[PDB]
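Please read the structure below before turning to the comments.
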Amino acid sequence: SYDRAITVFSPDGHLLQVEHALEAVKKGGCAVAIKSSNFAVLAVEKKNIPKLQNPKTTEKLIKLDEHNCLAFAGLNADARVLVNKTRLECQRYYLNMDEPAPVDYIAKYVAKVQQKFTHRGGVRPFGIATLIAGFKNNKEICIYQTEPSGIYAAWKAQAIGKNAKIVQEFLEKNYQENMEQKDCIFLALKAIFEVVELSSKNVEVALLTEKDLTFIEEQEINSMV
Amino acid sequence: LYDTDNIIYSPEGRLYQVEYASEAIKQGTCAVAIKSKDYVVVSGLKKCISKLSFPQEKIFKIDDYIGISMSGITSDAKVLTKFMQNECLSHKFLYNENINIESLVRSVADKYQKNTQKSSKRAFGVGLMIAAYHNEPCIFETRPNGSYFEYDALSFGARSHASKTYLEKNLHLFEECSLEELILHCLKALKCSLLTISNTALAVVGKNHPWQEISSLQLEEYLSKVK
Amino acid sequence: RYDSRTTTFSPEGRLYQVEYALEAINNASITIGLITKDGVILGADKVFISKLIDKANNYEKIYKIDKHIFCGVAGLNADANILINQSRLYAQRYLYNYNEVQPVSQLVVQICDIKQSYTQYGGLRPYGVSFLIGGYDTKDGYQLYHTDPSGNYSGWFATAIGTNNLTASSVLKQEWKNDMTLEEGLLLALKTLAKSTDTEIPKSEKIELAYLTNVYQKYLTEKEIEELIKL
Amino acid sequence: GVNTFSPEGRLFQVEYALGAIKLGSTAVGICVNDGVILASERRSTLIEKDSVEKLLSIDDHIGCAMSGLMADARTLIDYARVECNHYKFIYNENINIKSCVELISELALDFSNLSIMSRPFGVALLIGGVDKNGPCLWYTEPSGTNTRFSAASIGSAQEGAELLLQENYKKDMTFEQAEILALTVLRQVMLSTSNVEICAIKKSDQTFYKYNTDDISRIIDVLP
Amino acid sequence: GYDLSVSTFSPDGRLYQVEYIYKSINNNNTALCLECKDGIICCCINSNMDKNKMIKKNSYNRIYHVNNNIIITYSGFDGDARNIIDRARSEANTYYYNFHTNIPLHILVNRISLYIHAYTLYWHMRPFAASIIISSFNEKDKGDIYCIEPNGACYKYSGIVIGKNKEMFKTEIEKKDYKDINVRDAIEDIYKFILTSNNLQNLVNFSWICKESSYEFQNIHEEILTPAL
Amino acid sequence: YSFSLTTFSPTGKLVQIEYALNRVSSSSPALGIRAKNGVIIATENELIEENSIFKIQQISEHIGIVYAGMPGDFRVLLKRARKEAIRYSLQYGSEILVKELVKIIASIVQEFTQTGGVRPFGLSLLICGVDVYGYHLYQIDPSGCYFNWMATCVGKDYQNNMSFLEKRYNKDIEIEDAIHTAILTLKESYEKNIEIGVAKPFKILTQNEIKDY
Amino acid sequence: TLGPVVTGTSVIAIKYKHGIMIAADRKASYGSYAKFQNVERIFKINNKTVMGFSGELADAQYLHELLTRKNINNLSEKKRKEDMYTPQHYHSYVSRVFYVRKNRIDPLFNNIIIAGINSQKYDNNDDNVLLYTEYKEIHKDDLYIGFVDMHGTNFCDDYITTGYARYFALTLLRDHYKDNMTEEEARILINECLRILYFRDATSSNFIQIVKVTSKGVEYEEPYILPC
Amino acid sequence: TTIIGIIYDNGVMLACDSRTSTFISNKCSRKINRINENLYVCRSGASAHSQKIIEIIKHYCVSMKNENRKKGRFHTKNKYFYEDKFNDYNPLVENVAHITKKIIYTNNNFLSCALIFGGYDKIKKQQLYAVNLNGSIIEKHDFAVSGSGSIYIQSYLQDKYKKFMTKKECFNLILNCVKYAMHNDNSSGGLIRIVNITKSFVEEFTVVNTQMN
Amino acid sequence: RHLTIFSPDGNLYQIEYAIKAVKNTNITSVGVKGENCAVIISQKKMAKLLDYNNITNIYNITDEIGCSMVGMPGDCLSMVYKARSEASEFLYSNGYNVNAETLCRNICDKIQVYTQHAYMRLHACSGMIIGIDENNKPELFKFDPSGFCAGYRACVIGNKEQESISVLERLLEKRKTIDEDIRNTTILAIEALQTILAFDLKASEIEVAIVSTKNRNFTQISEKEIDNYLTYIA
């Protein structure tokens with residue numbers, strides 16, 4: 001199977017392997033992205049065995065370049081290799097144009113790479129869905145969600161992973177435009193906590209600004225009323 | 001079990017995939033081609049799926065004195081058409097003379113054959129009708145299984161049996177008849193296959209006559225004379 | 001029809017070869033790793049083939065990758081040795097590139113990326129081995145990383161792999177502490193290896209034990225475990 | 001295997017890919033003497049509407065409406081954009097719509113490997129434009145067959161839009177007549193600005209022009 | 001289920017794809033070659049296409065030649081046979097390019113039989129569906145005729161028939177020894193065998209090498225064939 | 001068409017390795033014994049020449065080989081082992097160590113377990129050798145795992161022969177005692193149908209010497 | 001070839017009433033040394049086409065083998081006499097070969113003439129081509145004499161001289177050549193040109209070979225010594 | 001250097017000297033090489049080029065001779081007889097000479113050797129061919145000469161030649177030719193090696209002689 | 001049992017099927033060594049108008065080395081060409097003639113690469129090879145489709161396997177000048193084939209090839225010699 005078609009059309013018209021990659025995404029952990037005026041908030045579930053597993057080693061929120069960040073859901077090794085490819089292309093664009101890569105360009109590149117992997121021979125589809133967040137050429141911030149199918153789309157707020165529909169509904173019935181940083185962080189917390197149990201250790205949340213992607217300390221996450 | 005792949009011979013000794021590729025020609029529209037000592041005329045039925053759709057092109061030029069008709073999968077026809085056109089122009093660039101139709105048809109048949117051996121590739125699902133005047137008029141048939149044949153008259157496609165019977169009836173007239181009579185004979189054969197100013201494609205080639213699609217008006221009075 | 005299609009998803013969004021490799025690793029011999037205040041401890045179990053073996057110099061579980069990184073194996077040995085060779089090649093390649101000893105996490109990432117590449121590209125079976133890679137670096141400190149055939153790894157303070165790893169993990173959860181001496185770490189490793197095999201007195205003839213301390217790697221000779229067994 | 005024939009002479013993968021192009025939102029293209037127009041439909045409030053765009057410009061003088069697997073559609077349109085700009089570099093003029101459509105069709109069947117992709121695209125394209133031969137509108141499918149159309153529709157509600165296009169279309173129609181015809185067909189099959197996105201390429205300019213909300217509201221008001 | 005690949009021996013120790021190729025060749029158009037007193041004669045009966053009356057008269061010519069003094073004919077698929085004939089021409093051209101001398105017949109036979117045999121080994125290639133007669137005549141060596149079977153074999157004959165009704169042609173031609181018969185007197189008997197085993201004029205191809213062609217490939221003229229008919 | 005024929009079973013087994021193990025288990029017996037001052041490897045129609053059918057072979061001046069399994073697989077692996085030893089000697093300018101050769105051959109044997117379109121080697125090898133780190137006996141399986149032994153048996157009825165040799169073997173033995181124990185084990189499992197090779201350069205004992213022993 | 005060693009001297013070719021007449025002396029010089037003096041310098045491509053060369057002998061032999069292989073390749077793919085290749089086709093092939101070799105800066109150190117009859121109407125010679133074993137008046141437009149240069153420059157004329165003849169015979173031809181010339185007139189004119197070349201060229205000889213491409217094929221006349 | 005080949009009635013005699021190189025590096029060198037029992041070849045130019053094309057042509061001639069065999073049954077001097085009495089399978093001289101010409105021509109950018117092939121076969125009887133520097137073949141039906149010392153004997157050989165020389169006078173002519181070339185040329189010297197090739201037998205003569213007048 | 005891979009029993013059945021294919025041809029060939037010579041005698045028949053002189057199983061890999069292949073004819077000729085190519089490569093690289101043993105080693109390595117690889121069919125071909133080594137003694141090396149070579153004092157390919165070994169043992173034990181040695185070896189080979197086939201053999205339907213120290217070159221004795229030996233035996 002060096003050059004063979006793993007992804008092919010079914011009798012109905014679907015690509016079965018893309019659907020199976022979507023199932024693999026559905027097994028993955030829950031991640032949430034919310035936008036604001038000039039900053040974003042990404043919050044992702046954590047699952048660590050107490051007292052034995054290193055909390056810091058698992059890292060689902062990743063910095064891609066100066067001004068882009070990623071939060072995936074699905075297979076972890078697939079996510080690591082895709083993130084390394086994305087970082088390589090970010091630096092390649094910044095070498096080939098002498099500007100940082102905007103969020104829309106790199107989201108399109110990740111979607112194109114996933115489409116290529118669903119279409120070339122002797123290659124398996126990526127079993128991961130991503131929520132990239134970043135800034136545009138005109139300094140405007142936005143969030144792009146990308147499926148295993150290679151289709152991308154921009155969102156004001158979005159959720160991926162296990163029980164994504166419930167969090168999407170909660171974000172729909174609670175999102176407002178241009179909310180403060182504390183309000184955005186609290187909304188992200190109470191949205192992602194609708195499916196994962198109420199505890200401080202089962203989540204890691206970060207805030208993306210033009211300067212850097214800061215991580216919220218566990219003390220600040222605690223005392224959420 | 002014996003038709004899962006193209007390299008397996010049946011117990012009878014048959015290639016089922018190549019025969020399915022041969023079956024693919026019968027779905028195409030009818031085309032006819034006849035000749036005299038001087039001229040060759042090719043007729044075809046353009047496909048019109050709906051009244052808002054324009055008719056589909058059925059006849060293509062290859063050279064100043066070579067043209068074609070196709071029946072089968074259109075992408076395969078486009079591939080073979082581009083191959084023939086590049087071959088003719090490459091011969092005209094390398095050499096200052098026209099390519100032999102015999103060599104060109106042999107090359108096209110070899111290209112057909114080369115896909116039916118390796119398991120990765122599939123046989124061409126299209127049959128070709130090559131009309132030309134190299135120094136005398138000539139018609140050639142090319143099939144999926146790498147074979148080709150000369151023809152005094154030829155027809156194939158959907159419901160081509162009636163036009164074939166008309167050709168069997170009127171073959172002995174085509175040699176001595178005039179170009180007008182030959183055009184009417186070909187149009188009557190295509191009529192027997194089942195004609196307006198849009199759904200019928202027509203082309204002529206012969207002595208001191210390059211490839212030329214007949215105009216709309218000329219086709220109109222030719223169809224009137226056919227009635 | 002001879003292709004088994006190893007590198008394809010299942011209807012449940014699974015790679016069947018990967019799970020077969022994991023439950024093959026579950027049937028392998030037991031391996032244990034933990035971190036103490038002075039050094040990283042690794043230990044293993046030896047599948048008795050015969051007494052006619054040259055056990056004197058036989059470490060079929062723990063291997064050296066570099067003077068700052070070593071690993072403990074659980075799975076198929078022939079599949080583990082080629083990955084150990086690749087790990088050594090990448091360590092010396094990093095030292096050749098940057099004039100500096102590699103961090104442990106980067107090497108873990110590289111080998112797990114090779115595992116992922118085998119689970120995604122081509123038509124080849126995966127590597128059915130799990131590693132507990134211990135090491136020291138100045139950037140982070142003492143590190144222990146567990147890996148899988150899927151190319152998914154995670155950092156640990158103390159963990160186990162192989163047969164009956166649930167019992168070993170339970171003993172580690174019960175007994176392990178953040179501040180532990182080297183002797184305490186060795187005694188806990190002996191206790192976990194004993195409880196894994198349902199024996200109170202461990203057999204020194206079938207225990208491999210080694211550690212790394214800030215860098216120097218000690219592979220305990222077959223006599224050295226006997227002092228720890230009595231204590 | 002992907003390269004295998006049915007006993008009826010039809011390729012299995014092409015037949016299966018034809019089922020994929022049925023799905024998706026509906027779009028319509030109408031060509032008149034003065035120009036060509038393509039209207040299209042977009043399927044919660046969190047998604048940014050302008051980010052998803054069912055109408056794309058292959059060139060300054062070419063537009064399209066696409067249906068089926070959207071990622072494959074984006075791949076095809078990127079290839080067409082690169083090839084059209086290559087033509088404009090090599091020859092210093094605009095490309096015919098038929099030539100661009102044939103380039104897209106040639107890429108569509110690349111998986112067959114007759115002379116690299118590995119399956120059909122499962123995308124139906126309705127490409128409109130204006131060239132030296134005037135306006136025109138071509139239709140391409142996964143089977144690799146091109147069809148010049150006076151007016152056509154793609155997507156889920158293909159049959160109803162086609163029936164209205166047969167019933168209501170006339171050759172000698174003003175541009176506003178074509179505009180109201182497009183919005184009437186779309187109104188029947190599935191109307192504020194959020195529903196519909198329109199683009200036009202005219203003989204006067206031969207330029208792509210995505211309609212704004214003001215224009216969409218204007219032709220909505222002109223409708224009955 | 002051992003016959004779905006050329007690269008697998010059945011429990012009986014045989015390749016069934018080769019036998020199926022034999023079946024395909026056996027029920028195809030007829031070809032024969034014969035070695036006469038001072039020449040070789042080759043005949044081909046294309047009677048399977050008798051139903052097709054639209055064919056141009058005497059244009060489907062299965063007889064081909066190499067270097068103007070080797071005849072090569074076939075029974076099988078036309079395209080695969082053209083592939084084999086093109087390889088034979090290429091090998092003869094390469095031999096002349098290297099050594100400035102026409103290739104001997106038996107070396108060409110061995111080379112082309114190896115070329116046919118190479119496709120019966122791998123599991124990703126279709127074996128050749130064609131059995132090839134390749135023959136020549138000389139003033140001193142007389143006629144040498146080789147039949148290459150689809151299995152890669154190659155055997156020398158003094159007369160050979162393949163295709164449909166090959167048993168009838170073989171038993172009919174195995175009645176008179178032609179080594180003491182002139183090639184002009186053999187066309188009558190070959191036509192009689194074709195009758196035994198209207199359309200005789202147009203569905204037959206003929207070729208010859210004797211003195212009257214200066215020991216070179218040629219098609220028998222119509223004015224020579226017609227009195228013999 | 002590069003797809004692995006050896007595939008993980010649902011029960012986590014590469015069954016082709018098990019089948020190659022069954023094949024070498026069906027083959028003729030082989031054994032090796034390591035003494036304090038030597039190391040020996042030994043093995044078990046009236047027209048075949050005994051000269052041309054030697055299973056015991058030499059890789060290098062102080063490295064010998066024997067096998068149990070298929071002859072042709074052994075011949076290609078012997079050629080590869082000789083080439084690897086020669087390339088080590090050409091690079092580092094000294095005779096190859098036993099452990100490095102065993103590791104290289106084990107990696108090559110493991111490669112065919114995973115490479116697409118091939119099957120594993122249907123044999124088990126025994127390297128014997130001497131270097132500055134003493135005497136060495138190494139068993140290589142079809143799986144590609146290399147085992148360091150004091151004494152071992154490989155082919156048919158290897159469990160019973162291992163039990164016999166285990167009760168008979170001692171660390172402090174001589175070449176005479178080791179050869180006697182090897183001949184005893186071979187005749188138990190079973191002069192004309194015995195081959196012995198001892199390693200001072202590696203040597204092959206002729207039929208006269210084996211008859212004397 | 002990096003440069004010439006065994007070099008062949010000039011060739012002369014003209015059209016006349018019945019066909020083409022091409023003449024070359026049989027000398028090949030190894031520097032300034034008549035090492036060979038019985039060298040066949042005019043080659044028969046086919047029954048209505050011949051070739052001649054002036055330059056390095058090895059390159060000319062290579063080109064002759066190439067055109068021979070092309071001739072048997074053509075003859076294999078032949079059904080009627082009109083399928084045969086005229087001198088125009090071989091001239092175009094030689095021109096393309098020289099151009100491609102010129103692009104790589106690796107030429108065949110030669111100047112070539114391709115000559116013959118460019119039509120099939122005058123005979124049925126190629127109805128049965130044999131390789132191993134009154135004339136008709138042919139119009140000048142049906143005849144062909146070509147020139148090809150080391151740089152690939154090529155052209156056609158009623159009379160072509162290649163090599164050292166380009167300054168000596170050509171002048172005489174440009175005074176004496178006329179359309180519809182008999183065999184005797186062509187022979188004496190060519191003999192005069194070769195006599196002048198022999199008297200005023202070091203590398204030439206007086207041992208001539210004439211080849212006639214006429215309606216009855218290619219005819220190699222027996223070689224002869226130029227009198228005086 | 002001086003290499004000569006002269007045809008005489010039912011035979012061909014090749015001849016050469018022995019000197020190699022101002023400082024004489026070697027003085028007993030076999031310039032006439034045996035390509036096949038019926039076919040010999042004299043070398044001139046650089047020795048490395050000559051040796052390599054000559055051994056390549058020996059390899060090609062072995063391949064040709066193996067392929068020329070048909071199936072089934074049919075029908076101080078040194079002397080040898082041909083194993084092939086009727087020349088059923090020995091390659092022709094022209095074939096070997098032409099493949100040598102192609103070899104030298106394809107690599108004429110640096111190859112600087114000149115060869116004289118001499119032999120016998122049933123088709124063309126005795127045969128001489130001369131392959132020049134750039135790789136041009138000429139068949140010399142009377143005689144061929146090459147080497148730096150051949151220039152001093154062109155007129156001598158041209159004057160002394162006859163059509164149907166007897167073996168004795170042809171031997172005297174070729175011996176005196178090589179002797180005169182050695183006398184006049186500093187680059188040629190040593191003992192004379194002559195090879196006489198006929199329909200059935202080959203003879204190889206060695207002569208030691210000088211020039212007195 | 002389609003691919004050349006292991007069965008649950010552990011055997012590879014494709015080699016057994018190829019050996020069955022070789023045996024199915026019903027061609028018998030006997031090779032016998034001597035004091036200073038080696039003989040191969042083969043049956044000379046297909047695996048009225050057919051040219052029976054052309055049918056042969058023996059071949060000339062080199063002047064010194066010769067062989068006799070039995071099995072599929074295309075595979076036999078392909079193995080012959082592989083053997084000739086191997087000997088030519090050895091002579092080119094090393095500048096001296098390969099012997100029968102090394103050639104058999106290399107040919108069986110070439111067979112083994114087909115044996116291990118699934119995508120390669122096995123050659124249904126067994127073969128004997130004979131020649132004289134540098135110590136002026138004969139060689140007789142036999143290989144089969146399994147890729148296993150062995151030297152023999154005498155051997156048989158054909159249907160009568162592990163039955164002709166008995167008569168070969170009896171004849172070699174009974175026998176146990178160069179001209180007398182060659183004559184006795186040829187007589188033993190002819191008598192062995194006659195006893196194995198169990199019917200009287202005509203000289204025009206068997207082929208005997210000899211290599212010896214007196215004549216190093218592989219050659220086939222004419223039909224008159226075989227007729228003389230058959231008359232002598234009776």
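Ordered as shown in the structure tokens, chains take letters A, B, and onward, while each chain numbers its residues from 1 and ligands are numbered from 1 in the order shown.
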
- Message: Using DSSP secondary structure from the backbone, list all helix (DSSP H, G or I) positions within chain F, as a PyMOL selection string.
- Response: chain F and resi 15-26+51-53+71-92+98-114+158-168+175-189+207-212

- Using only C-alpha atoms, which chain G residues lie at most 9 Å away from chain B, written as a list in words? residues 77, 82, 83, 88, 89, 90, 91, 92, 93 and 96 of chain G

Those same residues, written as a compact mmCIF listing (two decimals), in the first residue's frame with C-alpha atoms?
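Saved file part.txt follows:
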# COMPACT_ATOMS: atom_id res chain seq x y z
CA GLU G 77 6.47 -0.31 -41.52
CA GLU G 82 4.30 5.78 -51.31
CA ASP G 83 5.12 4.93 -47.67
CA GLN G 88 13.61 15.29 -47.93
CA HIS G 89 12.81 13.12 -44.90
CA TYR G 90 16.39 11.89 -44.49
CA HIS G 91 17.69 15.43 -45.00
CA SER G 92 15.38 16.68 -42.24
CA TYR G 93 16.50 13.85 -39.95
CA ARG G 96 17.77 17.64 -36.67

For region 101-108 of chain G, list every protein, DNA or RNA residue within 10 Å, evaluated using only C-alpha atoms, and leave out those in the same chain fewer than 5 positions away; present the list as a PDB file with C-alpha atoms, in the first residue's frame.
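That gives us around_39.pdb:
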ATOM      1  CA  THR G   1      34.823  13.278 -31.654  1.00  0.00           C
ATOM      2  CA  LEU G   2      36.865  16.158 -30.266  1.00  0.00           C
ATOM      3  CA  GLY G   3      38.237  16.950 -33.748  1.00  0.00           C
ATOM      4  CA  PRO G   4      39.093  15.224 -37.039  1.00  0.00           C
ATOM      5  CA  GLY G  55      34.988  15.400 -42.640  1.00  0.00           C
ATOM      6  CA  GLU G  56      35.824  12.849 -39.968  1.00  0.00           C
ATOM      7  CA  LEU G  57      35.230   9.282 -41.114  1.00  0.00           C
ATOM      8  CA  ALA G  58      34.035   7.852 -37.779  1.00  0.00           C
ATOM      9  CA  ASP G  59      31.239  10.416 -37.488  1.00  0.00           C
ATOM     10  CA  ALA G  60      30.155   9.688 -41.064  1.00  0.00           C
ATOM     11  CA  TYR G  62      27.982   6.594 -37.241  1.00  0.00           C
ATOM     12  CA  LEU G  63      25.529   8.712 -39.238  1.00  0.00           C
ATOM     13  CA  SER G  95      19.522  18.339 -39.981  1.00  0.00           C
ATOM     14  CA  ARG G  96      17.768  17.638 -36.674  1.00  0.00           C
ATOM     15  CA  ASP G 149      26.377  21.873 -41.990  1.00  0.00           C
ATOM     16  CA  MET G 150      28.245  21.147 -38.757  1.00  0.00           C
ATOM     17  CA  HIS G 151      26.192  23.896 -37.080  1.00  0.00           C
ATOM     18  CA  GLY G 152      23.011  22.343 -38.527  1.00  0.00           C
TER      19      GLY G 152
END

Chain H residues near chain E within 12 Å, closest pair each, using only C-alpha atoms, as a Markdown table:
| residue | atom | partner | partner_atom | distance |
| --- | --- | --- | --- | --- |
| H:60 | CA | E:98 | CA | 10.9 |
| H:61 | CA | E:99 | CA | 11.2 |
| H:64 | CA | E:107 | CA | 10.0 |
| H:65 | CA | E:107 | CA | 11.4 |
| H:66 | CA | E:107 | CA | 10.5 |
| H:67 | CA | E:107 | CA | 6.8 |
| H:68 | CA | E:107 | CA | 7.3 |
| H:69 | CA | E:107 | CA | 9.2 |
| H:70 | CA | E:106 | CA | 7.8 |
| H:71 | CA | E:106 | CA | 9.5 |
| H:72 | CA | E:156 | CA | 11.4 |
| H:89 | CA | E:104 | CA | 11.4 |
| H:91 | CA | E:99 | CA | 10.3 |
| H:92 | CA | E:99 | CA | 9.5 |
| H:93 | CA | E:99 | CA | 9.9 |
| H:94 | CA | E:99 | CA | 7.4 |
| H:95 | CA | E:99 | CA | 4.4 |
| H:96 | CA | E:99 | CA | 6.9 |
| H:97 | CA | E:99 | CA | 8.0 |
| H:98 | CA | E:99 | CA | 5.4 |
| H:99 | CA | E:98 | CA | 5.3 |
| H:100 | CA | E:98 | CA | 9.0 |
| H:101 | CA | E:98 | CA | 9.2 |
| H:102 | CA | E:98 | CA | 7.0 |
| H:103 | CA | E:98 | CA | 9.2 |
| H:105 | CA | E:98 | CA | 11.9 |
| H:106 | CA | E:98 | CA | 11.6 |
| H:137 | CA | E:100 | CA | 11.3 |

- Just the residues within 6 Å of residue 14 (chain G), please, counting only C-alpha atoms, with nothing from its chain fewer than 2 positions along; format it as a ChimeraX atom specification. /G:20-21,159

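Here CA of residue 24 (chain D) is placed at a distance of 17.6 Å from CA of residue 10 (chain A).
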
Select, as a compact mmCIF listing (two decimals) with C-alpha atoms, in the first residue's frame, those residues of chain E with any atom no more than 12 Å from chain G (distances computed using only C-alpha atoms).
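As a result, selection-v7.txt now contains:
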# COMPACT_ATOMS: atom_id res chain seq x y z
CA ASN E 58 -7.47 -7.32 -48.07
CA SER E 59 -6.31 -4.93 -45.35
CA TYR E 60 -6.27 -7.00 -42.13
CA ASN E 61 -2.84 -8.53 -42.78
CA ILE E 63 1.66 -11.37 -41.71
CA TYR E 64 4.59 -9.10 -40.84
CA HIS E 65 8.32 -9.19 -41.58
CA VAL E 66 11.67 -8.42 -39.96
CA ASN E 67 14.78 -7.23 -41.86
CA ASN E 68 13.10 -8.08 -45.24
CA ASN E 69 14.08 -11.80 -44.98
CA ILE E 70 12.29 -13.05 -41.84
CA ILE E 71 8.53 -13.68 -41.82
CA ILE E 72 6.72 -13.30 -38.49
CA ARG E 82 2.26 -6.01 -32.48
CA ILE E 85 6.77 -7.90 -33.42
CA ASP E 86 8.03 -4.44 -32.45
CA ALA E 88 11.63 -8.43 -32.51
CA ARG E 89 12.32 -5.53 -34.88
CA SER E 90 14.04 -3.60 -32.08
CA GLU E 91 16.23 -6.60 -31.22
CA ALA E 92 17.24 -7.07 -34.87
CA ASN E 93 18.03 -3.36 -35.15
CA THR E 94 20.12 -3.48 -31.96
CA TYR E 95 22.03 -6.52 -33.24
CA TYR E 96 22.84 -4.75 -36.51
CA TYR E 97 23.77 -1.59 -34.58
CA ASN E 98 26.26 -3.50 -32.44
CA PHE E 99 27.68 -6.03 -34.90
CA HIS E 100 26.98 -4.81 -38.48
CA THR E 101 25.37 -8.12 -39.41
CA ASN E 102 21.83 -9.47 -39.58
CA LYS E 211 13.98 -17.93 -55.67
CA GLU E 212 11.39 -15.81 -57.48
CA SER E 213 11.43 -13.25 -54.63
CA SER E 214 15.27 -13.43 -54.48
CA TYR E 215 14.95 -14.98 -51.00
CA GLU E 216 13.19 -11.97 -49.50
CA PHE E 217 9.81 -11.28 -47.94
CA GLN E 218 6.90 -10.69 -50.31
CA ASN E 219 3.14 -11.14 -50.59
CA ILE E 220 1.96 -13.47 -53.35
CA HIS E 221 0.55 -11.49 -56.24

- Which parts of region 124-166 of chain G does DSSP call strand (DSSP E or B) when run on the backbone here, written out as a PyMOL selection string? chain G and resi 143-148+154-156+159-162
